[PDB]
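Two forms, one protein chain; structure tokens for each follow separately as structure 1 and structure 2.
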Structure 1
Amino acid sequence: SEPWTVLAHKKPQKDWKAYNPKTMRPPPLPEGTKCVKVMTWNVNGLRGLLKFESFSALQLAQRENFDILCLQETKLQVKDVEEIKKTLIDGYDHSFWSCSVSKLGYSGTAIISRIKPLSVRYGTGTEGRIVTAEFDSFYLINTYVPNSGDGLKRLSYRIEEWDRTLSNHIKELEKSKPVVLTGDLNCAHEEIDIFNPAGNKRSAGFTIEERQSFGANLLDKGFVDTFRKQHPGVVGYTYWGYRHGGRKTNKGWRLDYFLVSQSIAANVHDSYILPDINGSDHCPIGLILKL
């Protein structure tokens, strides 16, 4: 059973088709084409993902042979890094772990690479949400965006504080070299990125305030949503809530993105989703960027 190949939407369109990674993906590049492969996955507790499947990271390298793996919601403490650092995967010696010191066992991002970055820096310019990694031709920012929560308590903090600082961080990097922004942006951009847009108008993640900041602070600053631009009018989800068993019915959201600067957006070859990989409420997404 492949529920992601079936189109589930409350207000769909005739031109829309459900994402099928078997058929809707292009084939890999010729052996030797200078490129870089990046994967992103919200693990919803990395210690819980490994208790479920120990080889979750290895089975990604076996299926895609990525160069860089970006993670969100690792829910790791600063003391838990070294033990995970040795038992997650081999051959990726450059792993950087930003953990949350405010709330313990909460949030937490990571960037695990096999190519040595020129420089890595957490935060802008506490909850482990920003990891900027410099490379020979581009920055790579792995981001886990905070949620407004029940009652939209942090909605003003999300719009006037987080989305503004995140945008200014990305543009200051573009002054040097282009940007590949990945991670859990925690926002369903358009109505095609959610199965029930009408029923979540006031729900955190699909509020109009968050959706306008998705365009203003991010896309309208010279950026492209690779998956949407590669597959215009194609429904694909990267999240399914446990509360309603949404993964068995494909009733989900698209919260994980690969936003790439206009400079190198043409060099994007594939922006895919792997909805068959279980172990978390999210599923991994990938990017194949030509160099």
Structure 2
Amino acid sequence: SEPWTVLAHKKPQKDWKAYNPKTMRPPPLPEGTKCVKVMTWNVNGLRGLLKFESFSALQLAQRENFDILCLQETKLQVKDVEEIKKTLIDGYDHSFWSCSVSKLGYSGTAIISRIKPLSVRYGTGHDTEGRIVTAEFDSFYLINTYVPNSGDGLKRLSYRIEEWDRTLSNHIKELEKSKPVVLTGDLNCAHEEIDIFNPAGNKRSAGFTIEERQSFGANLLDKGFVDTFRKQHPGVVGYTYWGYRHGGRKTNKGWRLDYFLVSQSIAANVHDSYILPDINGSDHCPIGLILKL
């Protein structure tokens, strides 16, 4: 059963198809093509995921052979990182964790890499909610972020639009002045109607407000960044999130909230921006990016 291959959408256009990674991913790169492979995942609580019976860090690494793993919502405290680092599997020696210090057991990001970065900074070193990690590599910057959820009743929409969204934009544009940027993580916005199963029923839901979508366009895309999955798959409905409560994953009633956004300068180097909807353990599934260097 592969429910993500069934086109679930309340108001689809005529020529839209459901994303099937078995038939729609490009063929592998010619061998020796120097590239970097990144996987990104909102794990909805790292400790809980590690207690998930069907989850193994070793199998995931063996299956995808990523160089870098970007996590959101680790929910770790600072005091937890030393021990969590010890459970990292062999081969991924450089790990960097930004944990929430005001609200405990909340938010949290991490970058796990078998490539040693030139530099790593946390925040835009103030990161009170552990929402941003920036790792410098030789030809690009990798920014892993967990964007603030606007919340029930849009209670946080003002901070999201007026403060957060602009600060993230300024941070990536500043770094772009030295190297192109790979922005990834849970951006907490379904950009267009194709990115959400029920657009009409969610006009005032966090993540699909007119305010959030317009900011996404104006503060991210229109400042020279490319939605790699959307560019690679025009007219393809593919989700990365399914709400637990209404059991929408079994019928693919989901949203695309997780992205790979890249500087215009390296948009042509993206070989594959993909989704892994079969991996369970969170209400998000992982996404991956294969970038030619």
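Here the rigid core means the biggest group of C-alpha atoms that line up within 1.5 Å when the two forms are laid on top of each other. Numbering runs along the sequence of structure 1, starting at 1. Only residues modelled in both forms are compared.
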Which listed residue (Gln230, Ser56, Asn44, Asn250) has a Cα shift of at least 2 Å between the two structures, rigid core superposed?
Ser56
Hey, core superposed, how many Å does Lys75 shift at the CA between the two structures?
0.6
Students should find the CA displacement of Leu88 between the two structures, rigid core aligned, in Å, to be 3.1
If you overlay the rigid core, what runs of at least 3 residues show Cα shifts of 2 angstroms or more between the two structures?
53-60
